[PDB]
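One chain follows as structure tokens, the form deposited in one PDB entry.
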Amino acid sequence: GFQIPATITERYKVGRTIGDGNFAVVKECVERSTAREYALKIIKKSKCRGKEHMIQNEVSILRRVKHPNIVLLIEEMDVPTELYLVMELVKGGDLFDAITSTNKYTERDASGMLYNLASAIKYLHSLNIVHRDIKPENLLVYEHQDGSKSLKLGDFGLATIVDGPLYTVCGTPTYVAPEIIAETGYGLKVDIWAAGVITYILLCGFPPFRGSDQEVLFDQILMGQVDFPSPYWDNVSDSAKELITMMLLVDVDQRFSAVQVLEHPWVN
């Protein structure tokens, strides 16, 4: 039973539900004056004891970010029980569904998607922002007039600013960087690790660390042994394998920055 604020209903016509989850509801909505379509993300704040709700972080970060490979924030409205975000609607849906539908991608296609993602990451890191939740489900597929596709990064819910090492253990096990799991302190490059895992999935359809018991999974990540198994990876270029390898280094100082990803021949 969402209490939609007057200011939102005044300018937008709320539409159909396009997604639903444990913390947010996302709806299609239409701006009355222009008929332009947008997404309305409704974030349910956590209720505590007494008449109060927990404060949220997403908007503090979203307010700062403006980039073509990032879902644009149009407007925000905070009420005691939930938070309202009007955001650009990306009609092609998200990358999780695309991957299940398409299975795997060509190198020309995957590199273009990685080029997109690393651009977003380079930008965020230039602002000292770590996303900490980069994975296909948080990536949206923009479909161009020319038939081409581009990625847009959304959902800044776990995002924060890096000023010295961070320690909060968070994320999705498949995509989570070893230093996060090691609890020795982490920073911006956890996003590169995530991008590496995504690129790996794009070329073969399965993740590099699949585990067995969530114990085997975490050990695999900490050890970082990246394989490119036959026959799945036989027709994939050495250039692609080299780049993914550099993104998935346990040694944080050796692991590529986003700039280094964009400068690699495979993405150019």
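Only the largest set of C-alpha atoms that superpose within 1.5 Å between the two forms is called the rigid core. The first residue of the sequence shown is number 1, and the count goes up from there.
As for the form deposited in another entry, it is not shown, yet the points below apply to it.
For the residues 87, 158, 180, 83, superposed on the rigid core between the shown form and the other one, a C-alpha shift of 2 angstroms or more shows up only at 83. A displacement of 2 angstroms or greater separates the C-alpha positions of residue 97 between the shown form and the other one, with the rigid core held in common. Once the rigid core is used as the reference frame, the Cα position of residue 40 differs between the shown form and the other one by 2 Å or more. Annotation: Cα of residue 24 displaced by at least 2 Å between the shown form and the other one, core superposition. In the other entry, the CA atoms of residue 136 and residue 83 move farther apart by at least 3 angstroms compared with the shown structure. Relative to this conformation, an increase of 3 Å or more in the Cα-Cα distance between residue 118 and residue 104 is found in the other entry.
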